[PDB]
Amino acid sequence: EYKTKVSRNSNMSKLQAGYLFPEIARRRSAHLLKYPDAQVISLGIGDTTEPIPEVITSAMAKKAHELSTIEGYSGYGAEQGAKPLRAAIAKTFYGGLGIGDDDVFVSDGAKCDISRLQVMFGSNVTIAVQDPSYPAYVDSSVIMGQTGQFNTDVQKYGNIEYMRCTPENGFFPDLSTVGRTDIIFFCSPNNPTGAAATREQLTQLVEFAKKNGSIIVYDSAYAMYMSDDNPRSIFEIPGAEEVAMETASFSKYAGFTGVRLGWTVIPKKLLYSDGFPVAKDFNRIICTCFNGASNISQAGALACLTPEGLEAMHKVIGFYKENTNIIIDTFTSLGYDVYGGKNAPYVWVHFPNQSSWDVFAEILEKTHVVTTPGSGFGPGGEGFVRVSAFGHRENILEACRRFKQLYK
């Protein structure tokens, strides 16, 4: 029984358990083993369910055809992203906010941007996250050697600042009790709570980062579901250009979850403590560690940033916000406290006194509905469950009538 002499990466061993999502999918592969005929409805992973609009798919199909012509054939392409696409993103999403074409970095998706940022920052930085938050920030940090071990008494990795975002503080932390770090990851609208920060809130966030000499990594993945009058971008806060970057994705807006495109914006005025432009480093990482987003997907996102493309996406965003209103109403009618739902395609449901893993297991077994337990998302966390609103209309109506049968 042979073994090499290379030691496992000790940051891999720190990881408490497997990644939240494959584990949920694991738990559900198991349920369809126990019950091969169960009509399983999945509102677990925020996985878009509608076709991509024909305006996007034609662009992609035509790009594929053109690769078989001498004149349409491209090859390797700027790994920063096609220039017309960087421009279109700058203008569409950041026009009037001080961002140029050269500040946008197109990628194969935000999960990949996140880990690209993390290799760039290195393992000598400390980080803060919202609690609860999206598990890829915490997990990438452990992986990169930014942390200590996991403490099972608090449910926290050591050396990470966890910023409690609760129903009682509007899901915004009390920044007077948050310890300085190098990096602050901020998701708005938040996954899993659905909370979108206010102009005044983000104002404080910028001031805080500016006082502590921190970088904010702002995740606007969901910002197109905004209903309230709140910034969609951090760069709307004057002074964000000296302390902030933004990551986003086409997945939620265009349904590109299997299709794969995002970007990150690093402004010319984000500098490390020696004056070295942070953008200059991310560019160096992108050239050595990534090979550029797919040219078919880039033609895709290009067609998105057009009157028709934007119309198409508004429609699909409207469909999901309806599903979410339906989910909100069902749990409200059943007597539960539900947050989120206004500014994001998922709802955040309080089950007081119960473990969220237990709730998840109950709903799954009795209803054949997949949800996501809150403590998948950090210690603040327990016992909320995130219910996602990405399903066909019939599927959400039926999941909803299941939750109705189940609860009193």
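Each residue number is its position in the shown sequence, starting from 1. In this text, rigid core is short for the largest set of C-alphas that superpose within 1.5 Å between two forms.
With the rigid core as the fit anchor, does 107-115 or 257-265 show bigger C-alpha shifts in 4 other deposited structures of this protein?
After superposing on the rigid core, the more displaced stretch in 4 other deposited structures of this protein is 257-265.
Relative to the presented form, and with the rigid core used for superposition, do the C-alpha atoms of 33-41 or of 357-365 deviate more in 4 other deposited structures of this protein?
Larger mean C-alpha displacement, comparing 33-41 and 357-365 in 4 other deposited structures of this protein, is found in 33-41.
Quick one: say whether 326-334 or 211-219 has the higher mean Cα B-factor in the deposited entry.
Going by the record's values, the stretch with the higher mean is 326-334.
Compare the mean C-alpha B-factor of 125-133 with that of 162-170 as given in the PDB entry, and name the stretch with the higher value.
Taking the mean B-factor of the alpha carbons in each, 162-170 is higher.
In terms of recorded Cα temperature factor, pick the maximum from 179, 238, 255, 194.
It is 255.
Per the coordinate record, which of the options 297, 80, 190, 201 holds the highest CA temperature factor?
If I rank 297, 80, 190, 201 by C-alpha B-factor, first place goes to 80.
Is residue 60 in the lowest, middle or highest third of its chain when residues are ranked by C-alpha B-factor?
For residue 60, the deposited C-alpha B-factor lands in the lowest third.
Pull the Cα B-factor of residue 16 out of the PDB entry and bin it into the chain's lowest, middle or highest third.
Within its chain, residue 16 is a highest-third residue by C-alpha B-factor, going by the deposited values.
Would you please rank residue 287 by its C-alpha temperature factor against the other modelled residues of its chain and give the third it falls in: lowest, middle or highest?
As the PDB entry reports it, the C-alpha B-factor of residue 287 lands in the highest third of its chain.
Within this chain, which third does the Cα B-factor at residue 100 fall in: lowest, middle or highest?
According to the entry, residue 100 has a C-alpha B-factor in the chain's middle third.
Where does residue 401 sit by CA temperature factor within its chain: lowest, middle or highest third?
Ranked within chain, residue 401 CA B lands in the highest tercile.
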